[PDB]
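Next up: just one chain, as structure tokens, the form deposited in one PDB entry.
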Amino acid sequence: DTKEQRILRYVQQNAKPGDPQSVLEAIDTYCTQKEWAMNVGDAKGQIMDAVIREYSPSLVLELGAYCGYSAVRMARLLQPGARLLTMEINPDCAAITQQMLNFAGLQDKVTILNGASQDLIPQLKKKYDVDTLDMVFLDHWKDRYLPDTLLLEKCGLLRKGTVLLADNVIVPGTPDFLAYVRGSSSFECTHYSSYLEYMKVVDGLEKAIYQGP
């Protein structure tokens, strides 16, 4: 089997159904002790939690679910009725994410879409009845952070105050995105320095709040 299947199995055998916190803990244990994986992790995850609590978004889009760690992290803090849409390009990982969310008891809050961000973003309004997004978590291909931000804007999915939160802006790094949002009058940016998941390597999150045209 694959690493991702092993992570799911470990959660199923070491966490409590319906207990998101136990799911996060199980994933972090496995990835610290057994096999590294590209989940956002606990260090950056704590920063994400603080942001989600500050903004209490009603509708969140995640780009790049992987195994569902971040989707569990965000969805467990959403208010009743609030929703997460998450996109995952790898079909095997999309299925793992669905199963992860099901185990965590968060499946009614989250819709996991299998496909590429460039294809799915233009369908959000008419197919998924999205008006505007309250928050976007960028965690997909690092080359796509900038084009997909621009595409979100083109599609009319951003409003004044939409929060973009970007993983991995240092490692692997997203230099074009960072330069762009930090240089743009349409964004108010803050950097949260942290560490790459499960590693003693500096990484960070960027928050970029959309200001309108």
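Quick note: we count residues from 1 along the sequence shown, nothing fancier. Here the rigid core means the biggest group of C-alpha atoms that line up within 1.5 Å when the two forms are laid on top of each other.
- The mean C-alpha temperature factor is higher for 103 to 111 when 132 to 140 and 103 to 111 are set side by side.
- With 200 to 208 and 16 to 24 compared on mean CA B-factor from the PDB entry, the stretch scoring higher is 16 to 24.
- You'll see in the entry that, of 62, 176, 167, 35, the Cα B factor peaks at 35.
- Each of 84, 93, 116, 72 has a CA temperature factor in the record; the biggest one is found at 116.
- Looking at the C-alpha B-factors along this chain, the one for residue 153 belongs to the middle third.
- Split the chain's modelled residues into thirds by C-alpha temperature factor. Residue 79 is in the highest one.
- Residue 123: CA B factor in the highest third of modelled residues in this chain (values from the PDB entry).
- Ranked by C-alpha B-factor against the other modelled residues of its chain, residue 57 falls in the middle third.
- Per-chain ranking of the deposited C-alpha B factor places residue 183 in the highest third.
The following text describes the form deposited in another entry, which does not appear among the structures shown.
- A displacement of less than 2 angstroms separates the C-alpha positions of residue 192 between this form and the one not shown, with the rigid core held in common.
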